[PDB]
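Residue numbering restarts at 1 for every chain, and letters A, B, ... go by the order of the sequence lines.
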There are 2 protein chains.
Amino acid sequence: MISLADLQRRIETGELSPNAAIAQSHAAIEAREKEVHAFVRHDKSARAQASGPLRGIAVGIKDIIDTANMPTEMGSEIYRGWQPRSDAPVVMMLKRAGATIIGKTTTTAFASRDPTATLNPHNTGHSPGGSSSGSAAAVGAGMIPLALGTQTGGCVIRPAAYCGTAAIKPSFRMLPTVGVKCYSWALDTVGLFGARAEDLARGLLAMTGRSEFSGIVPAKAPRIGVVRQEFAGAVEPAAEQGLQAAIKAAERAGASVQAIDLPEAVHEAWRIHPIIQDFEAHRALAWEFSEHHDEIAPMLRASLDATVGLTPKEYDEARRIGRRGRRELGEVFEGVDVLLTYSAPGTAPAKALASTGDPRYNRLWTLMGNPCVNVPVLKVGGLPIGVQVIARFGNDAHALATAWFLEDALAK
Amino acid sequence: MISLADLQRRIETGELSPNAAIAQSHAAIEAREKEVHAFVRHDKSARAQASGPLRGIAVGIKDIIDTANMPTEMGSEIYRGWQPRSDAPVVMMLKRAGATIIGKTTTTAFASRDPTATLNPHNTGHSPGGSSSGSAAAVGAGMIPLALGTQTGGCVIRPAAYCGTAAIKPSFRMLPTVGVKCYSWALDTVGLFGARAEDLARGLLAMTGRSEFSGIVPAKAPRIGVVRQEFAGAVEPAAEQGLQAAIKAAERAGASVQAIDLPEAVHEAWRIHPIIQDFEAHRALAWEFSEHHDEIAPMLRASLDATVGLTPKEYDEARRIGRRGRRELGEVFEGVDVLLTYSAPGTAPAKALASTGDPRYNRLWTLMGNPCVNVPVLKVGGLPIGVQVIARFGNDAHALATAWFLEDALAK
């Protein structure tokens with residue numbers, strides 16, 4: 001994979017010019033796009049900017065995120081050829097930093113369950129995960145140093161795990177969702193894909209200008225709390241193998257690791273995530289459901305058809321449950337710095353299964369809002385397995401520092 | 001003004017036909033548009049729908065809210081002729097209920113300070129307020145029974161007061177802002193304009209299906225806490241005249257009224273509203289400011305230019321203050337059911353002043369998020385003056401019930 005942090009340093013010293021860096025990316029996309037199919041649109045004329053911390057850094061943009069110079073089709077025929085008037089604020093954050101918007105990456109229809117045609121970079125016979133399919137696949141195939149995606153369930157962490165890339169779903173609302181096709185406004189969170197945790201840090205620093213992302217360095221002897229989310233059921237063997245391998249590497253690296261239980265309030269929050277998500281989806285996709293029902297991809301069409309009856313009452317009750325979960329979760333972080341858990345149920349499903357993977361081990365955290373980071377651990381049968389590093393809400397910097405620590409620990 | 005509830009009852013009994021009701025609005029619009037200029041565009045072909053509680057109900061939509069069959073120009077030349085692919089979720093809530101989208105009402109450029117051409121229905125030489133200028137004016141001129149607008153500072157309560165219409169800014173995030181041009185995602189809240197509190201209630205019931213808005217009746221012996229927002233500066237005589245009239249009427253009607261000073265934490269929240277609003281506006285309008293700077297209307301362009309230096313650090317601190325403010329405001333509602341205060345500084349400013357009015361008495365509540373309702377009280381020199389009823393967050397129903405009680409109290 002291409003490291004944004006590495007390119008930044010070489011461009012800064014003058015060893016690499018922004019133009020050359022961008023040509024590197026176009027060439028990398030050209031080299032594997034025909035086999036991975038990670039881009040809805042590759043702008044071959046995209047050029048490097050002359051200044052800014054991200055000059056020479058090519059970025060892929062999930063196609064539910066508005067761009068003014070390229071179409072934003074939401075991964076649906078309903079939006080075929082749709083051209084937004086403006087670039088989404090997060091896209092402008094990248095452009096203002098000197099970055100190059102090299103193309104739009106594939107997204108499942110309206111960021112839901114319907115598979116895209118994108119293939120896993122590690123084995124084209126498997127899913128790259130979803131819904132940020134293209135962003136994860138592009139970074140995983142070494143095409144680009146950075147890519148934006150979104151997460152409502154686990155659309156960021158899961159595909160990152162499946163494609164073996166580092167990724168972060170920042171604290172809820174740190175990054176604006178303006179210009180980001182909404183599925184659930186209570187959940188939707190913009191995320192980033194990169195080679196390693198340090199690349200994510202540099203990306204967030206340039207996009208936000210927040211000092212918390214400046215000077216980040218690997219954490220030391222972190223206090224890790226292991227949670228296996230039993231409420232979501234048992235994970236597949238490969239996922240547990242990756243977790244055990246991560247715990248051992250962390251310990252031998254000097255970290256204190258303890259298995260912790262999550263408050264009942266948190267278990268309940270995981271349970272009602274679907275209520276909040278699906279109820280809001282019906283309001284957020286009202287026009288599509290009412291005027292273009294049959295044109296909505298099959299799986300999403302079915303999920304919507306099966307949730308039309310959700311009431312404002314059970315919705316409010318679910319939101320109340322979610323708020324109680326957030327409160328008590330914070331308590332868990334009084335004795336531990338970060339939580340360590342699964343990033344996905346196991347290795348990426350075969351494409352033949354027509355599934356982007358079960359988001360059950362990701363959804364709770366999107367509702368709680370905590371910053372989550374995927375750390376590639378190993379591969380089973382050639383398929384990547386990762387672990388998810390979670391810090392307290394607003395502690396994104398620490399999540400990245402511990403992830404970096406974990407990466408070094410795994411490399412021994 | 002036209003009453004939504006009135007129309008509903010007459011249509012439900014068969015006493016009035018939906019087509020007749022719509023023909024009446026078309027007539028009312030044609031009768032005064034050359035005088036008021038409240039519509040960017042009027043769809044004369046708009047007809048009543050066959051079913052739903054809002055069939056026969058003509059609705060005006062502030063032009064920053066997306067419509068699929070009519071342009072959405074944001075009150076800016078930058079979006080001249082812009083045509084959204086879909087109807088915003090709040091527009092669908094109305095359409096699914098059987099309402100008729102009769103047209104797009106004028107909005108200041110990107111819902112900020114730059115005056116539109118719209119004039120006050122009560123006095124053509126005066127401003128109708130802003131930024132929901134057209135919705136307040138159209139409803140105030142008896143053109144339509146309902147209109148949607150938005151509030152970031154006091155873009156709903158203020159123009160409603162200036163134009164003498166009832167209006168409500170529901171609790172924050174109750175109505176989705178998907179498809180609503182963002183100014184500040186921490187503040188932007190959709191609102192409704194109608195003739196009376198009851199009209200607002202029936203409107204929210206149809207849009208949301210929330211039982212809380214069904215069967216609402218005037219409150220009995222409401223416990224009112226009066227706040228003059230000293231931290232907001234010196235109010236104009238007319239405004240105070242209106243508040244005292246409201247207090248006297250409520251007392252005679254059986255309400256218990258007591259004066260109360262808001263906590264320092266709340267005063268602080270009021271002070272930092274501009275920080276949150278303006279820092280976020282730079283992100284939300286990044287594309288416009290970076291690519292079409294000189295095309296941004298004068299006053300908004302000026303405010304953005306003066307605030308480019310706002311930092312993430314002071315923004316975070318402002319949000320901390322906001323949270324402290326919300327926490328301590330909640331305690332205030334332990335002894336009172338609602339708070340009563342000014343809806344604006346005084347009577348609507350003359351158009352010659354090139355000002356849609358100062359939102360200093362509105363902005364705090366938009367940040368706190370509580371439901372706010374404007375109650376027309378009296379007129380000084382022919383210009384309307386209203387008072388603002390505010391309830392605990394999530395208790396929009398009680399705010400409308402108390403507003404209703406207050407309307408009946410004033411009617412003696």
Side-chain angles (χ1 to χ4, degrees), chain A residues 66-69 72-74 78-96 173-186 188 205 207-213 280-292 311-313 315-316 319-320 394, chain B residues 66-69 72-74 76 78-96 173-186 188 207-213 280-292 311-313 315-316 319-320 394:
Chain A
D66 288 353
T67 40
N69 67 319
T72 304
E73 307 183 309
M74 319 304 174
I78 296 172
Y79 286 79
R80 181 81 179 79
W82 176 243
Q83 180 51 254
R85 174 58 169 136
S86 57
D87 284 311
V90 293
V91 170
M92 285 305 302
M93 290 180 158
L94 290 168
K95 305 210 314 181
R96 282 178 171 195
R173 290 188 290 191
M174 173 184 88
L175 298 174
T177 46
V178 172
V180 181
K181 185 55 169 165
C182 180
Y183 189 95
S184 174
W185 60 85
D188 293 1
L205 171 56
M207 289 179 77
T208 68
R210 307 187 71 186
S211 64
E212 58 194 277
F213 293 122
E280 301 199 333
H282 265 292
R283 308 323 136 194
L285 298 170
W287 178 77
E288 291 84 355
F289 191 75
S290 298
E291 312 282 9
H292 302 279
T311 73
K313 180 173 183 175
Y315 169 62
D316 292 320
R319 291 199 290 95
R320 186 182 320 164
Chain B
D66 287 353
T67 46
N69 66 316
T72 303
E73 308 181 305
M74 320 299 181
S76 170
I78 295 175
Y79 288 79
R80 177 189 184 182
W82 173 244
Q83 183 51 255
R85 177 79 174 103
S86 58
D87 285 310
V90 290
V91 167
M92 288 304 303
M93 294 182 139
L94 292 170
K95 302 208 315 178
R96 286 185 165 188
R173 296 176 76 87
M174 196 215 87
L175 294 179
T177 49
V178 169
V180 180
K181 189 59 176 157
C182 180
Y183 190 98
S184 171
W185 61 87
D188 289 6
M207 289 179 77
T208 72
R210 305 184 67 96
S211 62
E212 34 277 279
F213 297 129
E280 280 185 7
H282 268 293
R283 271 71 261 173
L285 295 175
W287 179 79
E288 291 86 345
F289 188 81
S290 290
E291 316 285 17
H292 302 276
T311 68
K313 184 175 181 299
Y315 164 63
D316 286 339
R319 292 191 298 116
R320 307 180 199 294

Main-chain N/O of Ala68(B) paired to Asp87(B) side chain as donor or acceptor, under 3.5 Å: yes

Verify, without hydrogens or angle tests, whether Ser184(A) (side chain) and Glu280(A) (backbone) share a donor-acceptor contact under 3.5 angstrom. no

Residue [X] versus chain A: region with a heavy atom under 4.5 Å:
X: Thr311(B); result: neither
X: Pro312(B); result: side chain
X: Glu212(B); result: side chain

Given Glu291(B), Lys95(B), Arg173(B), the one with more heavy-atom pairs under 4.5 angstrom with chain A than any other is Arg173(B)

If you count heavy-atom pairs within less than 4.5 Å of chain A, which of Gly209(B), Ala284(B), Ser290(B) leads? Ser290(B)

Non-hydrogen atoms of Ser86(A) and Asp66(A) that approach each other most closely: O-CB, 3.5 Å

Can you check whether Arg283(A) reaches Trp185(A) side chain to side chain, under 4.5 Å on heavy atoms? yes

With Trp287(A), which residues qualify under ring pair (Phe, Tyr, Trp, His ring centres under 6.0 Å), at least two apart? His292(A)

